[PDB]
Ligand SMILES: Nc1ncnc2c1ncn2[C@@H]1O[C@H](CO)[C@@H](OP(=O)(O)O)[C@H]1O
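Before any questions on binding or motion, here is one chain by itself as structure tokens, the form deposited without the named molecule.
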């Protein structure tokens, strides 16, 4: 019944996660930044901040009322945001369904009193953190494309020199 640090996210198939870390190790030396663990690669829909058990339940219920078709993500884009010090993977033209889902979840969080960054939703998958220096970003690998069937509520913790994301609940997207 202690508060947890939560976020909604979309996950990647194992095969694609593996292609990504192989591609990453090939193009980015350790000095380019701190690599996100393969299992920790995800696309965040909405950050909720620290959330009480009571508030988690309310947000989970609102998430469960979402009615949306599934969509396809094709990762054709890669870049670097120096100020936020990340190297990221993303999509040039995200499907509307992704935008709809994120905005819906973000709206629900906001209306519940959740911490607001007032940052415009920029769908991305963080590959490197603490990326300070400016490196050369290659295009992604070929055919990193898959159907999104669901989204998940995660808890975030740190154990044994690792970041850990714990799945709490999942909701399927219709199709």
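Only the largest set of C-alpha atoms that superpose within 1.5 Å between the two forms is called the rigid core. Numbering follows the first chain given and starts at 1.
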Checklist entry - Core fit done; bigger CA RMS in 6 other deposited structures of this protein for 158 to 166 or for 12 to 20? => result 158 to 166
Item to check | Other PDB entries, at least a third, lacking residue 35 | outcome: no
Checklist entry - Is residue 60 without coordinates in at least a third of the other compared PDB entries of this protein that model the residues flanking it? => result no
Checklist entry - Of the two stretches 114 to 122 and 47 to 55, which shows the higher Cα B-factor on average in the entry? => result 114 to 122
Checklist entry - What stretch has the higher average Cα B-factor here, 130 to 138 or 35 to 43? => result 130 to 138
Checklist entry - Going by the entry, which third of its chain does the Cα temperature factor of residue 72 land in? => result lowest
Checklist outcome for this item: Assert third(CA B-factor, residue 158) within chain per record equals highest
Next on the checklist: Test of reading the entry: by CA B factor among the chain's modelled residues, which third contains residue 143?
Outcome noted: lowest
Item to check | Third of chain Cα B-factors occupied by residue 106 | outcome: highest
Checklist entry - For residue 65, does the deposited CA B-factor place it in the lowest, middle or highest third of the chain? => result highest
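There is another form of this protein, the form deposited with the named molecule bound, and it is not shown here; the text below is about that form.
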Checklist entry - Using 4.5 Å between non-hydrogen atoms, is residue 28 touching the named molecule in the deposited complex? => result no
Checklist entry - Given that the partner is absent here, does residue 108 sit within 4.5 Å of the named molecule in the deposited complex, heavy atoms only? => result no
Next on the checklist: Is it the case that residue 44, even though its partner is missing from this view, gets within 4.5 Å of the named molecule in the deposited complex, heavy atoms only?
Outcome noted: yes
Item to check | Contact test in the deposited complex: residue 115 vs the named molecule, heavy atoms, 4.5 Å | outcome: yes
Checklist entry - Hey, of 53 to 61, 66 to 74, 143 to 151, 124 to 132, which bit sits against the named molecule in the deposited complex at 4.5 Å between non-hydrogen atoms? => result 124 to 132
